[PDB]
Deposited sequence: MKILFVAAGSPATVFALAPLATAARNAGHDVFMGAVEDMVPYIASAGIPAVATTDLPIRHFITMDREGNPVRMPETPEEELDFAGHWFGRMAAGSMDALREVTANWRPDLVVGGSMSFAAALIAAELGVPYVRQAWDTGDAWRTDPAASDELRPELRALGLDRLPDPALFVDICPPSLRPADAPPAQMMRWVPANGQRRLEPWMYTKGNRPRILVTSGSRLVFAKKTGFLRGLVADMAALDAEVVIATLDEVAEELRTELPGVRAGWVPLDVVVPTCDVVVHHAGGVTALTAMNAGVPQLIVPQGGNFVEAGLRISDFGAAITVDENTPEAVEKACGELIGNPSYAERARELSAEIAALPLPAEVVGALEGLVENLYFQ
C-alpha cells in the first residue's frame, strides 16, 4: 500500500519515524515521508523518499503567530504545553497546501504522524483514510492536544470537527515503568535508534581509559546555536576525571581541546558512562535503550515532565542549570552510584521486550 509518513521540523522527528517507515518499505509498501523543506535532506539521508510540507523553518512557527506578530516565549512548564500546541498547530496549518498538492497526485492509503505532526491528522481526515499516531518520545503524545485543537479550530471546523480527531491506531514506544496510569490503549512498539549517520572514527565506538561523558543540546539549530549551554556544561565538568564529548551540529561545532561535532548517538552512547542533555526525548531514549545513566539539564521544552519520570524511576537525575556545582555532583553520582545504570538497564530490557517495528507493520496493514 501507499503510506505517507509526516515528520515535523526537527531531525529528531525524522529519526523517531524512520524505523517504522523503513520497516514498511522493507515489507514492500510504497512509503513517502513529509517534513519542512529544511528537514527534507534528513529524510533522504534516512533512505526514505522525501517531500517538503512547507518552505518555512520551526523558528518561523515558534516566534510568530499566523498574522506574523511576535509570540512571547513561555515562562513556566505549564505555559510550555500550551505554547507547543500552538507553534506545532501553526506548523501543521502551514503544511496543508503542500500535503494537498502531494496527496492529489500520490494518494496514500494510510497516514502515519509523530506525536505533534497534527497535519497528519488533518490530511488523513480530508482524504478519508486511517490516521496512525506514533509517539516520538516517552512523553505523553497527547500532552499539547488542547492548545493544538484551539490553534487548528479553522482547519478542524472545515472538516466539521470540534477537536483533533482521535487516531485509528496509537503506536506507543514508552516502556511500561514510565507509562502514566491514564495512558490510552496502544499498539506497543520497540523504539530503535535511526539518527543521522557519518563516517565512523575508532574513538566513536571505543571507550577510553577514563569515564566518558557525552554532552548534547539536540539537533534543532535554533536551540543548538545557543552554545552558552554547552560551554557551561563543559566548564562544570573540568574537575572530573573524565573524557568529555560534545555531540552537536557541525556548523555549531565550528564556533566551539574538546571534541565537538555530529557523532551518531546510537554508536557513541554505549561507550559513555553519562549522557548529559537539554531534556530531549529522543536522546533520553538513546541513553535508556543503551542502559546508560543520564543527566537532564532542562532548557525549557515539553519533555521536562517525562524526563522527571525517568529521574523518579532512578535511571536519571534532573538538575537546575543555574545551581552552582549541581552538574558536577550529579555526574559523579551517575558514574559512582551503580543504581542509576541498573535502572537504565531495566528500561533497556523493557524496551527490548516490546513488539518490533517489523511486527507493527502488520498492525498498519490491518487498518486497511
- [ ] Just jot down which stretches of the deposited chain sequence have no CA coordinates, in the order they come.
- [x] 257-261, 374-379
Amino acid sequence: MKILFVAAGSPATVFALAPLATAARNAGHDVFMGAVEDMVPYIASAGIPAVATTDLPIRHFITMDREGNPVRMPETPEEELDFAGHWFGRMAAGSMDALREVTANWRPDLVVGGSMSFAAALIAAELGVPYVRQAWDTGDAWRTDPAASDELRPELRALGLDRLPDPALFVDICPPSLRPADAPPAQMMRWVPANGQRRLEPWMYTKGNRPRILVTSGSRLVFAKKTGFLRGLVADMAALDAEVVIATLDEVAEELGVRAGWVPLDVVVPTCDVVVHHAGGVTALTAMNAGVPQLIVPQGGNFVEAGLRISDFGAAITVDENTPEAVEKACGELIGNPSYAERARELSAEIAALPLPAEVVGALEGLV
From here on, numbers count along this sequence of modelled residues.
Open item on the list: Comparing average C-alpha B factors as deposited, tell me which of 359-367 and 1-9 sits higher.
Closed with: 359-367
Open item on the list: Quick check: 36-44 versus 64-72, which has the larger average CA B-factor in the record?
Closed with: 64-72
TODO: Report the option among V267, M188, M91, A183 whose CA atom has the maximum B-factor in the deposited record.
DONE: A183
Task: Out of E80, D162, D172, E201, highest CA B-factor residue - done: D162
- [ ] Using the B-factors in the PDB entry, rank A141's C-alpha atom against the chain and give the third, lowest, middle or highest.
- [x] middle
Open item on the list: For the chain shown, is the CA B-factor of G280 in the lowest, middle or highest third of its modelled residues?
Closed with: lowest
Task: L152 CA temperature factor, ranked by third within the chain - done: middle
Task: CA B-factor ranking of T248, expressed as a third of its chain - done: middle
Open item on the list: Please place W87 in the lowest, middle or highest third of its chain according to the CA B-factor in the PDB entry.
Closed with: lowest
